[PDB]
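Here is the structure we will look at.
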Amino acid sequence: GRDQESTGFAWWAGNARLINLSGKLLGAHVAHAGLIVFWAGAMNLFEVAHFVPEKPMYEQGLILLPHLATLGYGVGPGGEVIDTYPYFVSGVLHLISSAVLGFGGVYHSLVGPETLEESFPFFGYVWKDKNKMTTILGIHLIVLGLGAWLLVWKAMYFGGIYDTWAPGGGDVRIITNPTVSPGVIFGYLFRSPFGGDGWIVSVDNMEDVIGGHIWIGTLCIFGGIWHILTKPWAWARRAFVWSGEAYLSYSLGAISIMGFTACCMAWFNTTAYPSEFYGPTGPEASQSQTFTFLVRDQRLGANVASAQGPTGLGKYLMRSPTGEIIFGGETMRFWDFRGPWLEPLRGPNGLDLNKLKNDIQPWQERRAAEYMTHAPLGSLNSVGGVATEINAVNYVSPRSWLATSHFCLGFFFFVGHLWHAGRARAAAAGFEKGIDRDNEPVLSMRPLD
Amino acid sequence: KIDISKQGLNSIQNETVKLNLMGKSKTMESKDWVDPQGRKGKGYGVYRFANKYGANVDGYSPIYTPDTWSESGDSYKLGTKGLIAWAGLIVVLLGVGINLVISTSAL
Amino acid sequence: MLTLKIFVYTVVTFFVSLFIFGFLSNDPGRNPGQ
Amino acid sequence: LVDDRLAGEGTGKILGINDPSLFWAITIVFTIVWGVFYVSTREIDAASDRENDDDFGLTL
Amino acid sequence: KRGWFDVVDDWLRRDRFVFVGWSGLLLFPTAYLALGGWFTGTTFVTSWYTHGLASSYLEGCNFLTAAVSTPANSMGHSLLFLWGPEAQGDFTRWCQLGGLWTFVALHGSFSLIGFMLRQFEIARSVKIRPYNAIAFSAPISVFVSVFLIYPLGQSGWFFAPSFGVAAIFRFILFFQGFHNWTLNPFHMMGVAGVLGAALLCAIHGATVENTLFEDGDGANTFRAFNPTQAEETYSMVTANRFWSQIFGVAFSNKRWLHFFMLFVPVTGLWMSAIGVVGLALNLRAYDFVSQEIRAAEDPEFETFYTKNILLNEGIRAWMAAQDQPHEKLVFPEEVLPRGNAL
Amino acid sequence: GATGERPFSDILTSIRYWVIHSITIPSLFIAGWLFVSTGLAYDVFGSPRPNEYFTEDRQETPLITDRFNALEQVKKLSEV
Amino acid sequence: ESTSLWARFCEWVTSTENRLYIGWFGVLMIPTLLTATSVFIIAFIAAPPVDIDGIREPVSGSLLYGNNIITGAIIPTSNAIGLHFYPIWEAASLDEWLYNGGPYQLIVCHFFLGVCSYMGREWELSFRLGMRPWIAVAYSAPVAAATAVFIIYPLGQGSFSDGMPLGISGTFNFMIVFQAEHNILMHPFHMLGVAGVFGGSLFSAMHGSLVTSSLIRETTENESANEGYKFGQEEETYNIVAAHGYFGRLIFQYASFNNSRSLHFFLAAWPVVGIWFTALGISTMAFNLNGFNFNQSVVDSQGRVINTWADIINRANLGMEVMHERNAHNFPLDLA
Ligand SMILES: CCCCCCCCCCCCCCCCCC(=O)OC[C@H](CO[C@@H]1O[C@H](CO[C@H]2O[C@H](CO)[C@H](O)[C@H](O)[C@H]2O)[C@H](O)[C@H](O)[C@H]1O)OC(=O)CCCCCCCCCCCCCCCCC
Ligand code: CLA
Ligand code: CLA
Ligand code: CLA
Ligand SMILES: CCCCCCCCCCCCCCCCCC(=O)OC[C@H](CO[C@@H]1O[C@H](CO)[C@H](O)[C@H](O)[C@H]1O)OC(=O)CCCCCCCCCCCCCCCCC
Ligand SMILES: CCCCCCCCCCCCCCCC(=O)OC[C@H](COP(=O)(O)OC[C@@H](O)CO)OC(=O)CCCCCCCCCCCCCCC
Ligand SMILES: CC1=C(/C=C/C(C)=C/C=C/C(C)=C/C=C/C=C(C)/C=C/C=C(C)/C=C/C2=C(C)CCCC2(C)C)C(C)(C)CCC1
Ligand SMILES: CC1=C(/C=C/C(C)=C/C=C/C(C)=C/C=C/C=C(C)/C=C/C=C(C)/C=C/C2=C(C)CCCC2(C)C)C(C)(C)CCC1
Ligand SMILES: CC1=C(/C=C/C(C)=C/C=C/C(C)=C/C=C/C=C(C)/C=C/C=C(C)/C=C/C2=C(C)CCCC2(C)C)C(C)(C)CCC1
Ligand SMILES: CC/C=C\C/C=C\C/C=C\CCCCCCCC(=O)O
Ligand code: OEX
Ligand SMILES: [Cl-]
Ligand SMILES: [Fe+2]
């Protein structure tokens, strides 16, 4: 290693001593990737070993297994786990590959070449060499595009992916006609983030997901090819700071945005995050509660359409601010919800009174009751229910865990982007270690008013 | 004003750690020194006014001075017989304690 | 109401374009460092 | 109906454009500012006493 | 030094790892006894016979729910000595009756007195000014008004805070429900003082750390300082210009800056103490009579103040039965205020 | 500098120190364990065991009503 | 000499000779903040009642409608609207716009953009003056707290009506309802935030008193020491060694800070981390991850429940829960 004597960086900032050491930096990155794969495999093995078939996935605190279920692995019609062997296979493969990755990282960090700019010119680089950095960026863009295309191939030729909107209940479908319309793809991208619109979180069928992935794979491959063959222009050289910490800050900001988007998608989406494996969402539980109370009160001989509440608005059915027929109560704020068990009862102008008066199905009622009781509310020590409940239920929704953790991560990485962007801009200018007593900039300016 | 030799940091084996504790670094006073990110040095060193005030804050109030350590304590006077007696006593006490914990509990 | 929307859109795009094209105009070079 | 309204909230339009006039306003203002910047970006660069070669920019 | 006083002063005011001083004789025993009493009460002593709860680790409570509980309301304002006419020398029954709370409080007050005296003595020995000793008056006033004056103006020690986390939370919620403590201007000044003190601390730390001087060649700037140096380590001119162009106003006097830093939280805490002293006699700024009259005459007038009033009413009605066992309040379920479907 | 006591770094890295304190700390730990397990903690400080919260006489929470007869009242309430 | 119109405009915008720095972030900051300020003042003075719960029960919050400073507020947007975008041009008339709670959304959006631009402008002036750019990082804690109470909580609860009102009594109502629904007092992140503010006050008073106690004599007794300090002077005005000696004899030697830079970094770091954690706690509780629930935890041998201070807190929460909205609920569970 090194020391503060010959570096100027303390032990709590020791990873900054390998900014200009290409081999050791590569070793550190490979070791970290091995750590990530190790966690994936170990967590998959931990979750597969603690899974019982008498309870749904969201009732047992699983977050990695529902990811494999949505890919159509070991699941059946209706969203019931049938086989649990592919999860074991995936976990074993990840855990074993982590060993190779960790060995590579340890080798490159301990006994590998310290600075690979003289023995391996192809892999060597300088942070200020724009062409080499752009070439590396293009290579990794090509790799990511290949990964997106690999995801696309699964839904088409290798058995497909789980579709929660499939006719006759959710099942593993095959996507034959993806939506590759420019108007459809641009509609999701340049949509408002507010209610009703929802930006890209509002994607409501797997055809749109597969079409967007085709688009993103093609774009990434083309951009990688473009960057391999070119170098930044004058307007780009005039606008950016060119150093390793600057590149790190850019990446930190990008992945902070990604983390916030992931949190929102986990909280709100139902297509890519089926409720069969993640439980009901926020609005879904409220809509289910109103639906089941309407059904129960209708079974007791009541007129749900003409029933009037304490405020005079409607106990079960009211009108949305645009005219659509929606559920009444405080769930009037969640009328944008759209779920597979509720859509069949919805007509062109909202809920159909005759359909919910004569054509409500027992499976719909069971889904509504289950999503009502398993609402995404809980406590830090995993106690289900509102904050004024008793210790009877040990449950916290998998959506809550992912949403909270990823919001925290996104905020902290935004703060990291701020820190590193500021430090890079200051260090490149040349005053990151303090002000110069001999030449203080403020002393040379005219005093203010 | 401050004598570095009288600060009690002369009994440290590791030269780099010794230099770290006095707030000194021979590498950094060179005009051609470059830190990991790639910034040249102005020859100040760790502290600009090291000659004016004697030493740094590290060389002013150290918290690890092996010179002031007691001459005894680096060797056990009781020797091997004391260690053997200690081993016997700790084995006996551990047995007695585990027996008492098991007996006083509900098995 | 459409006139208000057009006016607000014009104002917002004016200010955002000013921001973008000002930060694109060799901003890192405006520092007192030597 | 009793009155009239734009009726566009919660629809999912690209950039919220329901009328081409908004697109025209955005494009015209952006183009004006871009042209003003484009005329002067040559003079602005020359204030650094350096040429915009491959080594230009703030580097470390 | 030949006299008894002289030799005792020579030994007491010695240069040592732990300074004892003349005030140590009052500080160390009382502080040790208060800490030990709190730890013993939270670990072993219960609260079943005085409050009807469990407040110890022995009974199955964690760090948050363990506390030293106040005596029963029947005891009034009794000082509850170990030898008093209630415990009568019985240690176990003294612990069961709630005498450990008064023990801890009475020893803690004298420990606070001894600590301010120690601050004064150490300041005088080093020949500096006693502004640190002056600053402790705000915590001492807060402790005196909350733990002594407020219970002394109530039914008894039963309504004092209990030395615990969840007990303090219950005390806070009780103060909200019954006194409308959030609507007290003195509490508003206290909140402003505390938040402004935090603001000042953060902003001063950041401003000093980001206007440093280049006194070294290393990126670790903590090693470019020496306490005996003459020149200041940061640029006051640069800091002043930055904050003048960003905020509009800025400090130009270090002494005034640091006195303001001292002045803000002390004043906030003193104002809150005055408010609690006033609240000890149920002199609460609870309601606005004009708003109540307008809402009574007009069934359409509603503001957030009325909603807060309803919330306080619900808190009182639903907490009264268990929080005050001595009143023996039995409330039928149909008299408790309640909303629709909730 | 130093106020005239042995440095903590010197003491904590001593064979004598770790020979003396390989007995005292475990002895205190075992003493506390035996204090709790032998029932002394309940008897000294008067805390109720899990089976002594409610007696056959009263099935409600205790309440002390008299200030000067408090000793006798708490003696009666604690009766098993 | 600048000649182009754009070059002159850039030189003026990025000028360090202005009385108040403009910058490129100030270009975004000034109009948004002015818009929010104007709408806030006009609504606080003369706005009509706003239907906040969507149950046709308007709530007054304006001075002209029978309120004082303590009682006045800006009522959040209607519950019927939800998270939908409600700009001024989406209303049939200004009378309808003011009835549903438009000004709250307008002010909230403009204020969020303005505070983000304010932090950016802090960085910008730090760069232009030749400083180190982390005063902006310090400001991120209050920025995150404001975002959490104004944006993230409505985002997770599905409506802007669950947002914090722009008033005093409205703030107290927000706090009480938050406690009744999430048990915020039992949240470790709220405990960390409380520790942060209490420690910030402690350390601010401690530092101010220690610096004021070591002032070197440069005046007489008929004038203040502030007159003893001269702006722009080079020598230090107080005895760091004397203050360190006093503190190290007050507690013990190795507890005080001998390094002024380290002491000021600690002063900066404590409250910032505390507020970061409390804002993270609010944002986490937005997605219904409440605090510790030690209700009916202590149970005796026969199975009966022994109460605790946590149970008393639960009784208070039940009291303030069944009354936070009297007529807005038709079903037993508050799932939102
Ligand atoms: C180009 C630059 C930006 C330009 C535009 C800027 C506008 C700024 C306006 C000012 C106000 C600030 C922004 C407010 C955002 C509010 C987001 C919201 O109400 O909701 C967020 C939306 C969620 O949309 C939801 O999407 C849902 C999707 O619908 C459908 O979703 C599924 C589809 O299958 C299901 O079928 C489901 O039933 C169905 O309803 C619904 O439509 C909901 O009504 C809808 O609200 O997420 C999303 O847009 C995805 C994630 C968005 C970004 C991250 C948001 C969280 C972080 C905030 C910022 C950082 C804070 C921390 C740092 C602080 C310090 C700096
Ligand atoms: C260091 C100082 C100190 C101080 C100030 C206190 C203060 C207090 N203690 Mg604590 N205490 C201490 C140390 C101290 N304690 C020690 C070392 C122990 C041993 C563990 C205790 C154990 C203890 C117990 C067990 C109790 C207290 C309690 C109290 C209160 C006692 C009330 C009383 O009537 O006092 C006595 C009154 C006085 C005024 C004494 C002063 C009289 C002067 C000196 C005249 C001397 C004249 C006399 C006629 C002649 C004697 C001389 C001759 C015998 C040689 C008071 C708040 C009580 C409590 O808190 O109740 C809730 C209680 O129960 N204390
Ligand atoms: C995420 C993980 C991580 C990784 C991969 C690295 C990586 C690296 N660190 Mg950093 N570091 C980290 C976290 C990490 N660090 C943290 C948390 C801190 C704060 C304490 C630091 C502080 C720090 C300092 C102060 C320094 C480094 C340095 C180094 C580099 C040189 C290694 C070396 O010389 O000493 C390795 C020393 C040893 C011989 C220990 C070997 C133990 C091995 C590696 C354990 C892993 C083995 C595993 C159990 C089995 C794998 C085998 C396989 C077959 C399965 C290395 C690339 C050095 C540097 O700057 O280089 C120029 C250095 O000066 N780091
Ligand atoms: C991994 C991510 C990635 C990254 C980090 C970069 C990074 C960079 N790109 Mg590359 N690029 C990528 C992927 C990426 N690119 C892809 C996928 C493509 C194919 C479209 C390109 C095509 C491309 C071109 C054509 C150019 C660059 C340039 C640059 C540089 C300028 C920075 C900049 O964006 O200005 C900051 C960003 C802006 C001012 C605004 C951009 C935001 C756009 C306009 C949003 C709307 C999207 C757009 C209309 C595309 C359609 C959407 C889609 C659905 C079809 C920088 C080195 C420039 C250059 O230097 O080339 C050598 C340049 O001229 N890139
Ligand atoms: C993408 C290029 C970015 C270039 C650099 C930008 C730098 C920053 C500039 C300032 C940005 C903030 C102010 C913006 C104000 C104008 C926008 C506005 O108010 O729109 C508000 C309008 C609302 O539009 C509404 O639409 C309704 C129907 O849907 C009705 O028609 C309403 O009348 C209408 O107002 O929304 C939009 O214009 C949609 C914007 C979509 C943006 C997609 C960006 C995709 C690429 C980036 C992806 C990541 C984005 C960040 C995500 C994480 C965030 C934490
Ligand atoms: C575009 C700009 C964006 C941000 C704008 C910010 C505007 C606010 C500025 C307020 C300055 C007022 C200072 C007065 C006093 C004054 O003149 O200050 C000036 C004072 C000068 O200090 P000196 O070192 O020169 O003093 C020397 C000594 O000898 C004094 O005796 O500096 C300070 O104390 C800074 C602390 C200001 C703290 C102000 C906080 C806010 C106050 C509360 C606001 C209530 C609003 C109610 C609305 C209904
Ligand atoms: C350099 C460095 C570092 C780092 C490091 C790292 C990060 C590493 C990693 C590493 C890694 C990352 C590793 C890994 C490994 C792995 C392995 C070794 C595995 C194994 C496995 C197995 C053996 C399995 C088995 C099985 C099967 C087959 C089936 C089922 C069952 C079981 C599970 C049993 C540190 C920080 C120290 C610092 C200094 C420097
Ligand atoms: C897959 C998928 C999809 C698709 C997607 C896509 C296709 C996307 C794209 C995306 C994109 C395409 C994005 C972009 C972005 C961008 C950005 C975010 C930018 C930024 C920028 C910046 C930040 C800048 C800055 C600046 C300025 C302004 C000034 C000067 C300086 C600088 C340059 C720095 C969908 C949804 C359909 C469905 C689902 C799935
Ligand atoms: C009552 C009384 C008394 C007194 C007593 C005493 C003085 C005692 C003491 C006692 C004591 C003196 C105790 C203590 C205890 C302690 C403890 C129980 C501790 C614990 C700790 C912990 C649990 C820790 C934790 C942690 C960790 C591990 C990590 C980091 C953070 C912390 C540090 C928090 C007398 C007889 C005089 C008289 C009568 C009455
Ligand atoms: C000289 C010809 C060369 C290039 C011109 C090419 C294409 C012009 C195409 C479209 C211009 C109008 C764009 C309108 C966008 C949509 C507006 C709306 O949604 O109302
Ligand atoms: O609005 Mn305001 O507070 Ca959210 O929870 Mn449901 O809704 Mn209403 O109640 Mn609770
Ligand atoms: Cl409802
Ligand atoms: Fe200071």
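In the structure tokens, the first chain shown is A, the next is B, and so on; residue numbers restart at 1 for each chain, and ligands run from 1 in the order shown.
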
Protein and nucleic residues near ligand 12, 6 Å, only C-alpha atoms and all ligand atoms, as a list in words: residues 329, 330 and 331 of chain A; 329, 330 and 331 of chain G

Keeping N, CA, C and O atoms, export the residues of the selection given above as a PDB file, in the first residue's frame.
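Listed below is the output, result-v6.pdb:
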ATOM      1  N   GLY A 329     -65.260   7.710  -0.836  1.00  0.00           N
ATOM      2  CA  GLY A 329     -64.504   7.776   0.396  1.00  0.00           C
ATOM      3  C   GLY A 329     -63.205   8.535   0.228  1.00  0.00           C
ATOM      4  O   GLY A 329     -63.045   9.377  -0.657  1.00  0.00           O
ATOM      5  N   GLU A 330     -62.225   8.221   1.071  1.00  0.00           N
ATOM      6  CA  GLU A 330     -60.900   8.872   0.920  1.00  0.00           C
ATOM      7  C   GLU A 330     -60.123   8.215  -0.226  1.00  0.00           C
ATOM      8  O   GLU A 330     -59.099   8.776  -0.610  1.00  0.00           O
ATOM      9  N   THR A 331     -60.597   7.086  -0.756  1.00  0.00           N
ATOM     10  CA  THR A 331     -59.926   6.487  -1.899  1.00  0.00           C
ATOM     11  C   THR A 331     -60.228   7.212  -3.202  1.00  0.00           C
ATOM     12  O   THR A 331     -59.872   6.709  -4.272  1.00  0.00           O
TER      13      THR A 331
ATOM     14  N   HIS G 329     -63.942   9.875   6.397  1.00  0.00           N
ATOM     15  CA  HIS G 329     -63.737   8.434   6.408  1.00  0.00           C
ATOM     16  C   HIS G 329     -65.080   7.723   6.380  1.00  0.00           C
ATOM     17  O   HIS G 329     -65.987   8.070   7.141  1.00  0.00           O
ATOM     18  N   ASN G 330     -65.200   6.729   5.498  1.00  0.00           N
ATOM     19  CA  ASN G 330     -66.374   5.874   5.440  1.00  0.00           C
ATOM     20  C   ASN G 330     -66.087   4.428   5.812  1.00  0.00           C
ATOM     21  O   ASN G 330     -67.036   3.652   5.967  1.00  0.00           O
ATOM     22  N   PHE G 331     -64.824   4.045   5.960  1.00  0.00           N
ATOM     23  CA  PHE G 331     -64.436   2.662   6.173  1.00  0.00           C
ATOM     24  C   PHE G 331     -63.403   2.594   7.288  1.00  0.00           C
ATOM     25  O   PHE G 331     -62.674   3.566   7.521  1.00  0.00           O
TER      26      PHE G 331
END

Closest contacts (chain B/ligand 3, max 12 Å, only C-alpha atoms and all ligand atoms) as CSV:
residue,atom,partner,partner_atom_place_in_ligand_line,distance
B:35,CA,ligand 3,62 (C),11.6
B:36,CA,ligand 3,62 (C),8.9
B:37,CA,ligand 3,60 (O),12.0

Filtering to N, CA and C atoms, could you give me those residues as a PDB file, in the first residue's frame?
ATOM      1  N   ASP B  35       1.112  14.581  -5.853  1.00  0.00           N
ATOM      2  CA  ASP B  35       0.227  13.754  -5.039  1.00  0.00           C
ATOM      3  C   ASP B  35      -0.572  12.834  -5.963  1.00  0.00           C
ATOM      4  N   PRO B  36      -1.389  11.923  -5.407  1.00  0.00           N
ATOM      5  CA  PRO B  36      -2.095  10.959  -6.272  1.00  0.00           C
ATOM      6  C   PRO B  36      -2.919  11.568  -7.398  1.00  0.00           C
ATOM      7  N   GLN B  37      -3.609  12.687  -7.169  1.00  0.00           N
ATOM      8  CA  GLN B  37      -4.443  13.233  -8.237  1.00  0.00           C
ATOM      9  C   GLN B  37      -3.608  13.907  -9.318  1.00  0.00           C
TER      10      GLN B  37
END

With only C-alpha atoms counted and 12 Å as the cut-off, give the residues of range 7-45 of chain D in contact with range 26-29 of chain C, each with its shortest interatomic distance in Å and the pair that gives it, as a tab-separated table.
residue	atom	partner	partner_atom	distance
D:37	CA	C:26	CA	11.4
D:40	CA	C:26	CA	11.4
D:41	CA	C:26	CA	8.6
D:42	CA	C:26	CA	10.6
D:43	CA	C:26	CA	10.9
D:44	CA	C:26	CA	7.3
D:45	CA	C:26	CA	6.9

Export N, CA and C atoms of the chosen residues as an mmCIF file, in the first residue's frame?
data_model
loop_
_atom_site.group_PDB
_atom_site.id
_atom_site.type_symbol
_atom_site.label_atom_id
_atom_site.label_comp_id
_atom_site.auth_asym_id
_atom_site.auth_seq_id
_atom_site.Cartn_x
_atom_site.Cartn_y
_atom_site.Cartn_z
ATOM 1 N N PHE D 37 -26.210 32.711 -28.905
ATOM 2 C CA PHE D 37 -25.044 32.046 -28.326
ATOM 3 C C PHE D 37 -24.055 31.602 -29.402
ATOM 4 N N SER D 40 -21.591 34.244 -30.797
ATOM 5 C CA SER D 40 -20.573 34.746 -29.881
ATOM 6 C C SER D 40 -19.638 33.676 -29.330
ATOM 7 N N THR D 41 -19.968 32.392 -29.489
ATOM 8 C CA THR D 41 -19.132 31.348 -28.899
ATOM 9 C C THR D 41 -17.704 31.349 -29.432
ATOM 10 N N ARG D 42 -17.458 31.934 -30.605
ATOM 11 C CA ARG D 42 -16.086 32.040 -31.096
ATOM 12 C C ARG D 42 -15.313 33.095 -30.311
ATOM 13 N N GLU D 43 -15.930 34.255 -30.084
ATOM 14 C CA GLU D 43 -15.277 35.310 -29.315
ATOM 15 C C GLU D 43 -15.056 34.885 -27.869
ATOM 16 N N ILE D 44 -16.025 34.179 -27.282
ATOM 17 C CA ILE D 44 -15.909 33.783 -25.879
ATOM 18 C C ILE D 44 -14.697 32.882 -25.671
ATOM 19 N N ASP D 45 -14.460 31.952 -26.599
ATOM 20 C CA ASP D 45 -13.336 31.028 -26.460
ATOM 21 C C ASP D 45 -12.001 31.762 -26.474
#

Which residues are near ligand 6 - at most 9 Å, using only C-alpha atoms and all ligand atoms? Format: as a PyMOL selection string. (chain E and resi 196+240+245-257+260) or (chain G and resi 20-22+26+29-30+33+118+224-227+229+231)

Distance filter 8 Å around ligand 2, atoms: only C-alpha atoms and all ligand atoms, out as a ChimeraX atom specification: /E:25-30,33,79-83,99-107,110

Writing out the chosen residues with N, CA, C and O atoms as a CSV table (one decimal), in the first residue's frame:
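Result went into selection.csv, see below:
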chain,number,residue,atom,x,y,z
E,25,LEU,N,-16.3,18.1,46.0
E,25,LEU,CA,-17.0,17.5,47.1
E,25,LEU,C,-18.5,17.5,47.0
E,25,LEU,O,-19.2,16.6,47.6
E,26,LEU,N,-19.0,18.5,46.3
E,26,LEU,CA,-20.5,18.5,46.1
E,26,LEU,C,-20.9,17.9,44.8
E,26,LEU,O,-22.0,17.3,44.7
E,27,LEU,N,-20.0,17.9,43.8
E,27,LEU,CA,-20.4,17.4,42.5
E,27,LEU,C,-20.3,15.9,42.4
E,27,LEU,O,-21.2,15.2,42.0
E,28,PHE,N,-19.1,15.3,42.7
E,28,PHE,CA,-18.9,13.9,42.5
E,28,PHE,C,-19.8,13.0,43.2
E,28,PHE,O,-20.4,12.1,42.6
E,29,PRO,N,-20.0,13.1,44.5
E,29,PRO,CA,-20.9,12.2,45.2
E,29,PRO,C,-22.3,12.3,44.7
E,29,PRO,O,-23.0,11.2,44.4
E,30,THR,N,-22.9,13.5,44.5
E,30,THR,CA,-24.3,13.6,44.1
E,30,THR,C,-24.5,13.1,42.7
E,30,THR,O,-25.4,12.5,42.3
E,33,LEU,N,-24.3,9.4,42.6
E,33,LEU,CA,-25.5,8.8,43.2
E,33,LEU,C,-26.7,8.9,42.2
E,33,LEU,O,-27.5,8.0,42.1
E,79,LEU,N,-41.3,14.7,50.0
E,79,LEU,CA,-39.9,14.5,49.6
E,79,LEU,C,-39.5,13.0,49.6
E,79,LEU,O,-38.5,12.7,49.0
E,80,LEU,N,-40.3,12.2,50.3
E,80,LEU,CA,-40.1,10.7,50.3
E,80,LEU,C,-38.7,10.3,50.6
E,80,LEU,O,-38.0,9.6,49.8
E,81,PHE,N,-38.2,10.7,51.8
E,81,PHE,CA,-37.0,10.2,52.3
E,81,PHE,C,-37.0,8.7,52.6
E,81,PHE,O,-38.1,8.1,52.9
E,82,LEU,N,-35.8,8.1,52.6
E,82,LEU,CA,-35.8,6.7,53.0
E,82,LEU,C,-36.2,6.5,54.5
E,82,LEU,O,-36.8,5.4,54.8
E,83,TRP,N,-36.1,7.5,55.3
E,83,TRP,CA,-36.4,7.5,56.7
E,83,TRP,C,-37.7,8.2,57.0
E,83,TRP,O,-38.0,8.4,58.2
E,99,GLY,N,-39.7,6.0,45.6
E,99,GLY,CA,-38.8,7.0,46.2
E,99,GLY,C,-37.5,7.1,45.5
E,99,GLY,O,-36.7,8.0,45.8
E,100,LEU,N,-37.2,6.3,44.5
E,100,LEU,CA,-36.0,6.5,43.7
E,100,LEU,C,-36.1,7.7,42.8
E,100,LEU,O,-35.0,8.3,42.5
E,101,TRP,N,-37.3,8.1,42.3
E,101,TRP,CA,-37.4,9.2,41.5
E,101,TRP,C,-37.0,10.5,42.2
E,101,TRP,O,-36.2,11.3,41.7
E,102,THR,N,-37.5,10.7,43.4
E,102,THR,CA,-37.1,11.9,44.2
E,102,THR,C,-35.6,11.8,44.6
E,102,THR,O,-35.0,12.9,44.6
E,103,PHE,N,-35.1,10.6,44.9
E,103,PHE,CA,-33.7,10.5,45.1
E,103,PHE,C,-32.9,11.0,43.9
E,103,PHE,O,-32.0,11.8,44.1
E,104,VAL,N,-33.2,10.5,42.7
E,104,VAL,CA,-32.5,10.9,41.6
E,104,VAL,C,-32.6,12.4,41.3
E,104,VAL,O,-31.6,13.1,41.0
E,105,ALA,N,-33.8,13.0,41.4
E,105,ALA,CA,-34.0,14.4,41.1
E,105,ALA,C,-33.3,15.3,42.1
E,105,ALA,O,-32.6,16.3,41.7
E,106,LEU,N,-33.4,15.0,43.4
E,106,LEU,CA,-32.8,15.8,44.4
E,106,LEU,C,-31.3,15.7,44.4
E,106,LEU,O,-30.6,16.7,44.7
E,107,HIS,N,-30.7,14.6,44.0
E,107,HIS,CA,-29.3,14.5,43.8
E,107,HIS,C,-28.8,15.2,42.5
E,107,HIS,O,-27.7,15.8,42.5
E,110,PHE,N,-28.5,19.1,42.9
E,110,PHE,CA,-27.2,19.5,43.5
E,110,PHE,C,-26.0,19.2,42.7
E,110,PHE,O,-25.0,19.9,42.8

Could you give me the residues within 6 Å of ligand 10, counting only C-alpha atoms and all ligand atoms, as number ranges by chain? D: 19-20, 23

Suppose we keep N, CA, C and O atoms; can you now write the selection as a short mmCIF file (atom, residue, chain, number, x, y, z; two decimals), in the first residue's frame?
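Saved file again_8.cif follows:
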data_model
loop_
_atom_site.label_atom_id
_atom_site.label_comp_id
_atom_site.auth_asym_id
_atom_site.auth_seq_id
_atom_site.Cartn_x
_atom_site.Cartn_y
_atom_site.Cartn_z
N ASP D 19 -51.74 22.08 -28.22
CA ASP D 19 -51.89 22.98 -29.34
C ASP D 19 -50.53 23.23 -29.99
O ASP D 19 -49.52 23.31 -29.28
N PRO D 20 -50.47 23.37 -31.31
CA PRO D 20 -49.17 23.62 -31.96
C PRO D 20 -48.54 24.95 -31.59
O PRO D 20 -47.34 25.14 -31.83
N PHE D 23 -45.70 24.46 -29.15
CA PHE D 23 -44.51 23.96 -29.83
C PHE D 23 -43.80 25.09 -30.57
O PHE D 23 -42.57 25.20 -30.52
#
